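Here is the naming used below: chain letters follow the sequence lines, and residue numbers restart at 1 for every chain.
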Amino acid sequence: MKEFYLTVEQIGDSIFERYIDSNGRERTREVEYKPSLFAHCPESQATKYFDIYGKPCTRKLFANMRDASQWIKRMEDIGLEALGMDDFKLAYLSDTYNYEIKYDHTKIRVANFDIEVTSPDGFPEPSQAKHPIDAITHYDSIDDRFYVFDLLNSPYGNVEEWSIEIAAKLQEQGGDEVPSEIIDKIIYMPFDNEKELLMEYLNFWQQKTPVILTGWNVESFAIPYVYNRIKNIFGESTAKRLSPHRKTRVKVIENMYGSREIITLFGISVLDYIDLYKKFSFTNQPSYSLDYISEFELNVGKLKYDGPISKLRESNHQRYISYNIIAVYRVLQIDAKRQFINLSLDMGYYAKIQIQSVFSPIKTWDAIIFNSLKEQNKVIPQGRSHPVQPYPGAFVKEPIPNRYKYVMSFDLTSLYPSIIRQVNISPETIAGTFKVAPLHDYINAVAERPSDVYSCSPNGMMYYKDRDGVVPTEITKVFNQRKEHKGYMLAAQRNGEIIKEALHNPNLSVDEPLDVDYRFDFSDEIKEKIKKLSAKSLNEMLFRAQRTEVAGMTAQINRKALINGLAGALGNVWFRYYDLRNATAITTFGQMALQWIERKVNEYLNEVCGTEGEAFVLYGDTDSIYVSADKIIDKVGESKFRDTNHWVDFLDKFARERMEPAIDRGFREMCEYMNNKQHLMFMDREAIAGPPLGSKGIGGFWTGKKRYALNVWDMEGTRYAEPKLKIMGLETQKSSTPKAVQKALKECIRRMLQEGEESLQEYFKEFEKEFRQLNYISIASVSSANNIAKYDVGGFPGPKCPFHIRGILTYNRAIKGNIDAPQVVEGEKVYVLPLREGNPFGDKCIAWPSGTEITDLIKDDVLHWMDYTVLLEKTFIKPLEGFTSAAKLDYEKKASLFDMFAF
DNA sequence: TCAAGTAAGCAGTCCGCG
DNA sequence: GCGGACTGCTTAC
Ligand SMILES: O=c1ccn([C@H]2C[C@H](O)[C@@H](COP(=O)(O)NP(=O)(O)OP(=O)(O)O)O2)c(=O)[nH]1
Ligand SMILES: [Mg+2]
């Protein structure tokens, strides 16, 4: 096999690399790497190295990396550009792995761990590490074993050994219900004291040194706690054994309103799963506790236990350890589903960066572009300092608030990357400028043609057409990967609907799920076999199809995020290729494209309908248009359709055979108008939406920009067994909206779109009557909480104090002096409830840490004083009033009337 | 919330609006 | 009480 790196670091004048050799073995080496950098030189000087603008460069080879860094400094002193890759380890990787890396994940040691620390005086701060570590569970991917380190003797209590027998039993049997599939994979090690525990953990770490290190909050808690605890007990040299190169650094991470410390372990790649999740999941969660996320992702129940965690070890050490084990397994289960580790490895090895650099789109693209240019003996420019400047973005059309019965949407394929490719936007392809007219003039095709030589954007930029720029070339490669995975995702989605249909008529039999590849549309043979399967087998197949879809989603959406990130990086001052000319060339072209095609679609439909000056495009945002299809349906007459699926087929055919060819013609003309390099504006049908045939449903509505709902029957070729609500921006979609309120508002919307006004009125009446019975957590609002201190004046709200912050201050006064009460954490999220006048808390609201039950110290009083009236008005009625007013209907029945008497 | 971008909505404070 | 100037937070894209 070809070799591949595991980790790389620069330590002084040495590169330290861990790698897998040609025989599949892990090895480590220290290389006295001599870096090269470049300076411009005279033409009369024969060279093979040229900068991206074709200017000749001389290569300077340095005796060592320190000399190279010093030369860069002196070049700044002189006032001359120092060209080349200044991050020497990336240059090292480029030289050492000068080929497309094929990695073998089975050879990479991925460690997943979690620790427990009993603390009787509040949250145990990792920077102090003053309490014993009393449990560590460490899963190793190569061994496929959970290694459990259990402290039996501590100043906070001496306990008996954990029992694997009781751990396996059902909770109804008094057990901990540790999943049976991992019971045989646990290796349990009890310790008589903490020094022995930690010395053994370090010896173990030396034998099985993680390459990828993950877990939940490991970067902010577990890692620094272990490091600092060992440092406190044994000293610095021992703690540094956590690094394979015995090198660590305290890293200060700054944010707008403060900073925190982490520990960098040279030679390890830490990928904290909470951060992988936040980056790759495309969720915004009301809480990021492992229990909350596990429930959301896996539908597992939260780990139950009596009393506070600070007393759990002494009261129930059995459960304490079992829950530490389960915590590690939960992260493994989330990854089995989401596959974020796989994704990180793919991206990291593709770019040739430290794996943890996947968190930085700028570092990722810097490396991809550097490797691409290096292959042509080209030399990258030096990064420069730029002042931050705002610049313009996408166009969003103002919709007329209203119901919209039949709607068809269209959207451009990966817009910004396609614009980069079409126009040929790149640092080195800038050809010049042209005198710009008002955007309106280009949209209406009355401005004079920008250029008859170069490819243009309506921001005034021109680009070469003789050769692709490095940005277009490299963005295309990642786009093509994204396209492949999106294909698998959609097939799995379509396959899912096939199974859902079959689940309506399952066979009464005992059988097994079919062995199929869900990434490809089911063949006729498979479909025939599916109709003869039991419900048990069908549901298992559905689960597998959905997991396949999720894997496809992870792979496709995050590759799209990467290429969108390149477009955005052009507008970030820290990017080597930062250039507002290029950033704005993309966004401005996007604004034109959207409004150009709005005009073309309107013109086309006015022609087909024999109307004039009517607006068929009701809305658009960035790269999508929404088209009213009422008139199209009406030309046939709703009476001629057999069922809902019949008119859906009709619209699907109309979009593909009539509208899309017209759309293509429009964009081809725009391409010629801008003299672009390649036509890549590909816009096809996305959604088909409308009410169920014969119903009083309204189909859809808009309240304003970025706020709408549609009853969708077909989404990009996936025909749904049951209609699916597409709701964007509305309160149902916001993590700040109470859980039970999201549910209720969604049902109100469903009834509006599918059933009509009377159905909505019936549901509203019921919810209003019963909502006071809802669990307090399900009706609490949620908010991030920043700058708590700023608004704290003697424990009371200062001027302009935000409502959620006021709630936190109320909470803080209520638990004052209690060292065991949960503390609100600056920057994290809280639940918020309004309080009735005259309450003992002394203010109109209270807030506590999100994802948790409010402390028993005050719970009863909070429950007693909750202001249900205010809660309902703010979170439910106000938003519903917005939906219904926009849709021109009433959630409460109006005077009959027509009572007229009895009945 | 360390880590590519902009557009734009709603809640809430403060306070004018004769 | 509504709504502009402002902050804070959250979406869509
Ligand atoms: O996080 C984002 C999202 C979108 N955008 C821009 C770029 C993107 O091309 C455009 C449209 O975004 P979408 O992801 O909604 N769709 P896109 O057209 O990029 O891909 P596709 O439609 O093929 O899924 O908005 C960003 O810059 N950052
Ligand atoms: Mg698109």
Earlier contact from the 5' end, DNA chain B, for A:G827 and A:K363: A:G827
Given B:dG9, C:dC13, C:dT10, the nucleotide with the shortest approach to the side chain of A:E398: B:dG9
Sugar-phosphate only, base, or nothing, as touched by A:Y619 at under 4.0 Å among non-hydrogen atoms: nothing
Centroid-centroid distance, A:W848 to A:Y776, less than 6.0 Å: yes
Carboxylate-amine/guanidinium proximity below 4.0 Å for A:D366 and A:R576: yes
Which side the sugar of B:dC14 sits on, once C1'-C2'-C3'-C4' is checked for sign: south
Nearest-nucleotide comparison on DNA chain B, the residue closer to the 5′ end among A:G565 and A:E826: A:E826
Donor-acceptor pair present, A:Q356 side chain and B:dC2 base, under 3.5 Å: no
Side chain of A:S360 - closest among B:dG9, B:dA4, B:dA11: B:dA4
North or south sugar for B:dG5 (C1'-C2'-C3'-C4' positive means north): north
Sugar-phosphate, base or nothing in reach of A:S783, heavy atoms under 4.0 Å: sugar-phosphate
Touch class at under 4.0 angstrom, heavy-atom based, for A:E254 against every strand present: sugar-phosphate
Nucleotide nearest A:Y391 when distance is taken to its side chain, options C:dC9, C:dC13, B:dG5: B:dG5
Closest listed nucleotide, where the reference is the side chain of A:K829 and the choices are B:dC2, C:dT10, C:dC13: C:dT10
B:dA3 to C:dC6 separation - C1' atoms, rounded to the nearest Å: 29 Å
